[PDB]
Amino acid sequence: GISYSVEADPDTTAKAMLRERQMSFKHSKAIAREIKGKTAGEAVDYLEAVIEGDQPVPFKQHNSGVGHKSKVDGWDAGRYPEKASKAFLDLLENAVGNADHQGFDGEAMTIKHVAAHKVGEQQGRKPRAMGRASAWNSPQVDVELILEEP
Amino acid sequence: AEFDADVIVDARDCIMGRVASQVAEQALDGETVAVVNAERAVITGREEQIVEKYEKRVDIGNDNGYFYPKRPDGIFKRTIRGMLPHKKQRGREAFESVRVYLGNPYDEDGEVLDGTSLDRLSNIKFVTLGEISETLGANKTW
Amino acid sequence: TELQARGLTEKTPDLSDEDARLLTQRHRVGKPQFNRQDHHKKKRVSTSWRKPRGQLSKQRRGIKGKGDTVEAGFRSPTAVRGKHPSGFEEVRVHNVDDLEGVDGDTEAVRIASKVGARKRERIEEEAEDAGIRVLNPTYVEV
Amino acid sequence: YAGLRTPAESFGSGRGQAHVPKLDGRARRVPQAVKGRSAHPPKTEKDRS
RNA sequence: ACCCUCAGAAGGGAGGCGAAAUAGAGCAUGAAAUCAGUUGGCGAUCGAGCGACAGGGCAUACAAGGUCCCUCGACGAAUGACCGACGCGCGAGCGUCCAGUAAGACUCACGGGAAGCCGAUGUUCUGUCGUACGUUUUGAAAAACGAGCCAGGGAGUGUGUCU
RNA sequence: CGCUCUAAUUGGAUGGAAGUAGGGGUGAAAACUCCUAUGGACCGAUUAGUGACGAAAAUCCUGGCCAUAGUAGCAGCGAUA
RNA sequence: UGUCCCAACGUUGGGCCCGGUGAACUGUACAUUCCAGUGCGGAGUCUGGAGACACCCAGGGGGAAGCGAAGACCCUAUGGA
Ligand SMILES: *C(=O)[C@H](Cc1ccccc1)NC(=O)CCCCCN
Ligand SMILES: [Cl-]
Ligand SMILES: [Cl-]
Ligand SMILES: [Cl-]
Ligand SMILES: [Cl-]
Ligand SMILES: [Cl-]
Ligand SMILES: [Cl-]
Ligand SMILES: [Cl-]
Ligand SMILES: [Mg+2]
Ligand SMILES: [Mg+2]
Ligand SMILES: [Mg+2]
Ligand SMILES: [Mg+2]
Ligand SMILES: [Mg+2]
Ligand SMILES: [Mg+2]
Ligand SMILES: [Mg+2]
Ligand SMILES: [Mg+2]
Ligand SMILES: [Mg+2]
Ligand SMILES: [Mg+2]
Ligand SMILES: [Mg+2]
Ligand SMILES: [Mg+2]
Ligand SMILES: [Mg+2]
Ligand SMILES: [Mg+2]
Ligand SMILES: [Mg+2]
Ligand SMILES: [Mg+2]
Ligand code: NA
Ligand code: NA
Ligand code: NA
Ligand code: NA
Ligand code: NA
Ligand code: NA
Ligand code: NA
Ligand code: NA
Ligand code: NA
Ligand code: NA
Ligand code: NA
Ligand code: NA
Ligand code: NA
Ligand code: NA
Ligand code: NA
Ligand code: NA
């Protein structure tokens, strides 16, 4: 697995991680990209709106075939990755919790750093026609988060 | 509108190609040029053949496209562009620092470049860019 | 409170007029990178030089722009070949005994990287006392 | 016989594959193949005196 | 271990051991292909063997390189004048003299200057040249054949005889 | 020029070997060398040997990995639940 | 008698958007092309011009002498059956 790729001052910082999550790695880059810079509390509200389907997550890199969304600003393609979004809510629930147990005001902290990393694949095999089989794998994702005092 | 031309050239009764060749050379030397009275610029030859060439250029084309000007305005400018490496940085700069005009929007009367004037008294086979544009279908906006 | 290199760091060798002329030549003329053909087009192809052998090789055929082919004509001046850019001739040193016979006016010494701190200290202090420069000195805080 | 203990065969042309002897879809025997024979190995018969 | 978090013997946070946890369990070292985040350079008006050689922009902790810029002066290969004087030519222009002079690459010396400053490195711009590589072929950029990329593996050896 | 192991002669290393990453210097070049970080135990030079000794290629072999793509399929069958 | 003149409207499952699952083919490199030319005489990449702001969604397949298969025709081998 990963290690924090960014240095963090323990006195004004809170950390958190997700390990080997079986979810879309592509959906994770998108989400991370979108919530970085936000307030932990803003991030949570955002993600629930995505899960609810009122707020789209811009898909700027992994957008082939993806349909445009009116709410996307400065871009066109977007979706509502609820699974990955739920995993990030867990990540924030943990981070904000760690943050509080340390004396900070969790929700008000800024998402200084957030990044997803593909740590592997749970390998699968899907039987095909003509007596042959091909891969049918699941991505395994790790993700870091560093909250910081405003 | 407003063009700080270091030189104002009067095309009236001048050989388009010879004017262009010189305007090209100067623009590449850093000069800002303005060609005036394009419609009155001239090209030697049998009007019937001359016109056929320009009419052919209008007709040529396809989806990729071959936009060829019909106004004496562009005709002249396209002539100049053909004498500049307009796709290179330097070339495009030079070309963009050159503008052709219908009539003369300036106060000063342009100058006549050497060796570009055509003596109407000893020449009968030649044509006016304006005449060409009218043949091509242009709207005589001059 | 600041870093200072041990030894005669500023020491320069003394060279005949011809040698310094030649040393200055080498430095001015340089040579081409001489990297292997197309090493930049394929990661699996490293920079290390290999004679282009393709019958059709553009480089082997000496086409201008495809890089220089290694030839004796590119050799450096006999009199300066191998000298440190400073003019000194290097002498690889592994211990204190290697310093013996070394002319500190003409040669500078390089301590093998494997030598440890303890022995380097001894080598560095006795090299200085013999008037010999150490190309790769230790930087102590003084 | 190191690397020769197998009945691997080559499918020849037809499946977009190189003519390399294979067994259980694994290349074998030939020197360029992992687990294949050594082309020109050390030999007991050599007079080293 | 303990504590907080969690649906939780998961995971995460904090913490503890050890010289080292970036030795934390398929755990020594930890390359390339390649992925995430990020830094430098380029960037939504512009053209494609991706570069070589020149030369500019911007960027650079130390170390392991230390040079470089301008005035002037010395030296000065080949080459080699302007102007002016005189004489020719219809003319463009030429001849003689000024003069093998002034000039002339490199190199050096005095004085002055630079430390992102010189080299070098990353990227990018400009100029010149340039349609991969290997093979087949009279002729390959080839609409002839091979390879997605990288790493590792992958082809004159032994005995006998002869020369 | 470079690689393996042997021999003689002779050196380096926990005051940090090999390897790796980034960087400095030399050689026309094969390649040699240094610095910083990582690493944490081995490593050379000269001379004479040794050889399962050097790769960009073989629809080469094995493993790993990118694009393909969040794409095709998860509808079609007289059993539409 | 919708085979045709000559096509229309409708039904159901797809297709399109959303959640979840999640391959493969193919890839020397570069690649926004078009018209002409040239070239081993069938060029996105050479030459000259023309055109060309970037990215994305759907489509039907003109081109990549598209992908797939070391041509099964023909000849050649002091080949095989
Ligand atoms: C004659 O014209 C042959 C006939 C034939 C050959 C073999 C088997 C059956 C019939 N036809 C061909 O050779 C056609 C070849 C197709 C080549 C396409 N690239
Ligand atoms: Cl993925
Ligand atoms: Cl058109
Ligand atoms: Cl151009
Ligand atoms: Cl006339
Ligand atoms: Cl030599
Ligand atoms: Cl010199
Ligand atoms: Cl041989
Ligand atoms: Mg779609
Ligand atoms: Mg079956
Ligand atoms: Mg390479
Ligand atoms: Mg084996
Ligand atoms: Mg490890
Ligand atoms: Mg032929
Ligand atoms: Mg190898
Ligand atoms: Mg010895
Ligand atoms: Mg080869
Ligand atoms: Mg597709
Ligand atoms: Mg059925
Ligand atoms: Mg029913
Ligand atoms: Mg072109
Ligand atoms: Mg065949
Ligand atoms: Mg037959
Ligand atoms: Mg027979
Ligand atoms: Na995209
Ligand atoms: Na919008
Ligand atoms: Na939008
Ligand atoms: Na004319
Ligand atoms: Na046209
Ligand atoms: Na066996
Ligand atoms: Na024997
Ligand atoms: Na540069
Ligand atoms: Na071939
Ligand atoms: Na070729
Ligand atoms: Na061809
Ligand atoms: Na593949
Ligand atoms: Na071999
Ligand atoms: Na293959
Ligand atoms: Na019908
Ligand atoms: Na098509």
# chains A, B, ... in the order shown; residues from 1 in each chain; ligands from 1

call {"tool": "residues_around", "arguments": {"residues": "residue A:15", "least_positions_apart": "6", "cutoff": "8 Å", "atoms": "only C-alpha atoms (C1' of nucleotides)", "output": "PDB file with N, CA, C and O atoms (P, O5', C5', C4', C3', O3' and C1' of nucleotides), in the first residue's frame"}}
result
ATOM      1  N   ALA A  95     -11.326  11.012   8.982  1.00  0.00           N
ATOM      2  CA  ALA A  95     -10.460  12.165   9.106  1.00  0.00           C
ATOM      3  C   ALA A  95     -11.035  13.172  10.100  1.00  0.00           C
ATOM      4  O   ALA A  95     -10.380  13.529  11.078  1.00  0.00           O
ATOM      5  N   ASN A  98     -10.770  11.946  13.578  1.00  0.00           N
ATOM      6  CA  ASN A  98      -9.408  11.986  14.085  1.00  0.00           C
ATOM      7  C   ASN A  98      -9.170  13.436  14.498  1.00  0.00           C
ATOM      8  O   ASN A  98      -8.732  13.727  15.611  1.00  0.00           O
ATOM      9  N   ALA A  99      -9.487  14.342  13.582  1.00  0.00           N
ATOM     10  CA  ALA A  99      -9.332  15.774  13.795  1.00  0.00           C
ATOM     11  C   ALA A  99      -9.938  16.260  15.109  1.00  0.00           C
ATOM     12  O   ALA A  99      -9.317  17.042  15.831  1.00  0.00           O
ATOM     13  N   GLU A 144      -5.367   8.844   0.200  1.00  0.00           N
ATOM     14  CA  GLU A 144      -4.894   9.620   1.331  1.00  0.00           C
ATOM     15  C   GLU A 144      -5.657  10.929   1.459  1.00  0.00           C
ATOM     16  O   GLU A 144      -6.221  11.441   0.486  1.00  0.00           O
ATOM     17  N   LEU A 145      -5.684  11.461   2.671  1.00  0.00           N
ATOM     18  CA  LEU A 145      -6.361  12.721   2.923  1.00  0.00           C
ATOM     19  C   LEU A 145      -5.680  13.416   4.071  1.00  0.00           C
ATOM     20  O   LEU A 145      -5.424  12.816   5.120  1.00  0.00           O
ATOM     21  N   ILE A 146      -5.385  14.689   3.860  1.00  0.00           N
ATOM     22  CA  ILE A 146      -4.733  15.494   4.870  1.00  0.00           C
ATOM     23  C   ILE A 146      -5.535  16.760   5.089  1.00  0.00           C
ATOM     24  O   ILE A 146      -5.625  17.605   4.200  1.00  0.00           O
ATOM     25  N   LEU A 147      -6.131  16.881   6.268  1.00  0.00           N
ATOM     26  CA  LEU A 147      -6.900  18.072   6.604  1.00  0.00           C
ATOM     27  C   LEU A 147      -5.930  19.077   7.207  1.00  0.00           C
ATOM     28  O   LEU A 147      -4.912  18.701   7.797  1.00  0.00           O
TER      29      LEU A 147
ATOM     30  P     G E  13      -3.359   5.911   9.326  1.00  0.00           P
ATOM     31  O5'   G E  13      -3.930   6.792  10.527  1.00  0.00           O
ATOM     32  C5'   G E  13      -4.507   8.086  10.278  1.00  0.00           C
ATOM     33  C4'   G E  13      -4.997   8.705  11.567  1.00  0.00           C
ATOM     34  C3'   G E  13      -3.995   8.807  12.702  1.00  0.00           C
ATOM     35  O3'   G E  13      -3.089   9.895  12.560  1.00  0.00           O
ATOM     36  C1'   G E  13      -6.023   7.969  13.551  1.00  0.00           C
TER      37        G E  13
END

call {"tool": "residues_near_ligand", "arguments": {"ligand": "ligand 38", "cutoff": "6 Å", "atoms": "only C-alpha atoms (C1' of nucleotides) and all ligand atoms", "output": "ChimeraX atom specification"}}
result
/D:16-17 /F:59

call {"tool": "write_last_selection", "arguments": {"atoms": "N, CA, C and O atoms (P, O5', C5', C4', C3', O3' and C1' of nucleotides)", "output": "PDB file, in the first residue's frame"}}
result
ATOM      1  N   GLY D  16      -1.355 -16.693 -35.522  1.00  0.00           N
ATOM      2  CA  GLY D  16      -0.687 -15.441 -35.210  1.00  0.00           C
ATOM      3  C   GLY D  16       0.374 -15.614 -34.140  1.00  0.00           C
ATOM      4  O   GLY D  16       0.600 -14.731 -33.309  1.00  0.00           O
ATOM      5  N   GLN D  17       1.040 -16.761 -34.179  1.00  0.00           N
ATOM      6  CA  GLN D  17       2.053 -17.090 -33.200  1.00  0.00           C
ATOM      7  C   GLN D  17       3.363 -17.500 -33.855  1.00  0.00           C
ATOM      8  O   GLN D  17       3.374 -18.017 -34.963  1.00  0.00           O
TER       9      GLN D  17
ATOM     10  P     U F  59       9.404 -14.598 -35.888  1.00  0.00           P
ATOM     11  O5'   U F  59       8.557 -13.597 -34.986  1.00  0.00           O
ATOM     12  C5'   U F  59       8.072 -12.335 -35.495  1.00  0.00           C
ATOM     13  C4'   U F  59       6.566 -12.271 -35.372  1.00  0.00           C
ATOM     14  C3'   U F  59       5.973 -12.871 -34.105  1.00  0.00           C
ATOM     15  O3'   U F  59       6.035 -11.927 -33.044  1.00  0.00           O
ATOM     16  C1'   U F  59       4.651 -13.410 -36.009  1.00  0.00           C
TER      17        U F  59
END

call {"tool": "residues_around", "arguments": {"residues": "residue C:90", "least_positions_apart": "4", "cutoff": "9 Å", "atoms": "only C-alpha atoms (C1' of nucleotides)", "output": "list in words"}}
result
residues 82, 83, 84, 107, 108, 109, 110 and 135 of chain C

call {"tool": "closest_atom_pairs", "arguments": {"of": "chain G", "to": "ligand 39", "cutoff": "12 Å", "atoms": "only C-alpha atoms (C1' of nucleotides) and all ligand atoms", "output": "tab-separated table"}}
result
residue	atom	partner	partner_atom_place_in_ligand_line	distance
G:1	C1'	ligand 39	1 (Na)	11.0
G:2	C1'	ligand 39	1 (Na)	5.4
G:3	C1'	ligand 39	1 (Na)	11.3
G:7	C1'	ligand 39	1 (Na)	10.5
G:8	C1'	ligand 39	1 (Na)	10.2
G:9	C1'	ligand 39	1 (Na)	10.9
G:10	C1'	ligand 39	1 (Na)	11.1

call {"tool": "residues_near_ligand", "arguments": {"ligand": "ligand 35", "cutoff": "8 Å", "atoms": "only C-alpha atoms (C1' of nucleotides) and all ligand atoms", "output": "NGL selection string"}}
result
(:E and (140-143)) or (:G and (39-40 or 42-43))

call {"tool": "write_last_selection", "arguments": {"atoms": "N, CA and C atoms (P, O5', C5', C4', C3', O3' and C1' of nucleotides)", "output": "PDB file, in the first residue's frame"}}
result
ATOM      1  P     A E 140      17.046   1.199 -51.293  1.00  0.00           P
ATOM      2  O5'   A E 140      15.594   1.266 -50.649  1.00  0.00           O
ATOM      3  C5'   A E 140      14.867   2.491 -50.639  1.00  0.00           C
ATOM      4  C4'   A E 140      13.824   2.481 -49.551  1.00  0.00           C
ATOM      5  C3'   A E 140      14.291   2.184 -48.133  1.00  0.00           C
ATOM      6  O3'   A E 140      13.599   3.060 -47.243  1.00  0.00           O
ATOM      7  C1'   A E 140      12.551   0.683 -48.743  1.00  0.00           C
ATOM      8  P     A E 141      14.341   4.373 -46.678  1.00  0.00           P
ATOM      9  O5'   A E 141      13.160   5.291 -46.124  1.00  0.00           O
ATOM     10  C5'   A E 141      12.852   5.354 -44.727  1.00  0.00           C
ATOM     11  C4'   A E 141      11.359   5.493 -44.524  1.00  0.00           C
ATOM     12  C3'   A E 141      10.493   4.373 -45.081  1.00  0.00           C
ATOM     13  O3'   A E 141      10.344   3.302 -44.159  1.00  0.00           O
ATOM     14  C1'   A E 141       9.611   6.448 -45.764  1.00  0.00           C
ATOM     15  P     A E 142      10.487   1.789 -44.657  1.00  0.00           P
ATOM     16  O5'   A E 142       9.180   1.485 -45.522  1.00  0.00           O
ATOM     17  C5'   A E 142       7.868   1.711 -45.002  1.00  0.00           C
ATOM     18  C4'   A E 142       6.896   2.077 -46.121  1.00  0.00           C
ATOM     19  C3'   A E 142       6.372   0.984 -47.055  1.00  0.00           C
ATOM     20  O3'   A E 142       5.019   1.272 -47.371  1.00  0.00           O
ATOM     21  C1'   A E 142       7.388   2.693 -48.337  1.00  0.00           C
ATOM     22  P     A E 143       3.905   1.225 -46.217  1.00  0.00           P
ATOM     23  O5'   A E 143       2.594   0.745 -46.973  1.00  0.00           O
ATOM     24  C5'   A E 143       2.342  -0.643 -47.214  1.00  0.00           C
ATOM     25  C4'   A E 143       1.955  -0.845 -48.652  1.00  0.00           C
ATOM     26  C3'   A E 143       2.910  -0.205 -49.646  1.00  0.00           C
ATOM     27  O3'   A E 143       2.981  -1.006 -50.808  1.00  0.00           O
ATOM     28  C1'   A E 143       0.768   0.793 -49.842  1.00  0.00           C
TER      29        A E 143
ATOM     30  P     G G  39       9.301  10.235 -59.694  1.00  0.00           P
ATOM     31  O5'   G G  39       9.485   9.352 -58.378  1.00  0.00           O
ATOM     32  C5'   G G  39      10.570   9.580 -57.453  1.00  0.00           C
ATOM     33  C4'   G G  39      10.363   8.766 -56.196  1.00  0.00           C
ATOM     34  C3'   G G  39      10.121   7.291 -56.434  1.00  0.00           C
ATOM     35  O3'   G G  39      11.345   6.597 -56.611  1.00  0.00           O
ATOM     36  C1'   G G  39       8.505   8.108 -54.925  1.00  0.00           C
ATOM     37  P     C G  40      11.476   5.484 -57.763  1.00  0.00           P
ATOM     38  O5'   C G  40      10.611   4.251 -57.239  1.00  0.00           O
ATOM     39  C5'   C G  40      10.075   3.285 -58.163  1.00  0.00           C
ATOM     40  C4'   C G  40       9.502   2.090 -57.429  1.00  0.00           C
ATOM     41  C3'   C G  40       8.599   2.390 -56.249  1.00  0.00           C
ATOM     42  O3'   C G  40       7.293   2.674 -56.732  1.00  0.00           O
ATOM     43  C1'   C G  40       9.931   0.441 -55.875  1.00  0.00           C
ATOM     44  P     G G  42       0.808   3.248 -58.937  1.00  0.00           P
ATOM     45  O5'   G G  42       1.025   4.332 -57.788  1.00  0.00           O
ATOM     46  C5'   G G  42       1.446   3.918 -56.495  1.00  0.00           C
ATOM     47  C4'   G G  42       0.314   4.036 -55.508  1.00  0.00           C
ATOM     48  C3'   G G  42       0.575   3.221 -54.250  1.00  0.00           C
ATOM     49  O3'   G G  42       0.070   3.919 -53.132  1.00  0.00           O
ATOM     50  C1'   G G  42      -1.460   2.534 -55.188  1.00  0.00           C
ATOM     51  P     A G  43       1.051   4.855 -52.296  1.00  0.00           P
ATOM     52  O5'   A G  43       0.264   5.140 -50.949  1.00  0.00           O
ATOM     53  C5'   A G  43      -0.475   6.342 -50.768  1.00  0.00           C
ATOM     54  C4'   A G  43       0.005   7.047 -49.530  1.00  0.00           C
ATOM     55  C3'   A G  43      -0.677   8.375 -49.222  1.00  0.00           C
ATOM     56  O3'   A G  43      -0.657   8.596 -47.815  1.00  0.00           O
ATOM     57  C1'   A G  43       1.614   8.733 -49.534  1.00  0.00           C
TER      58        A G  43
END
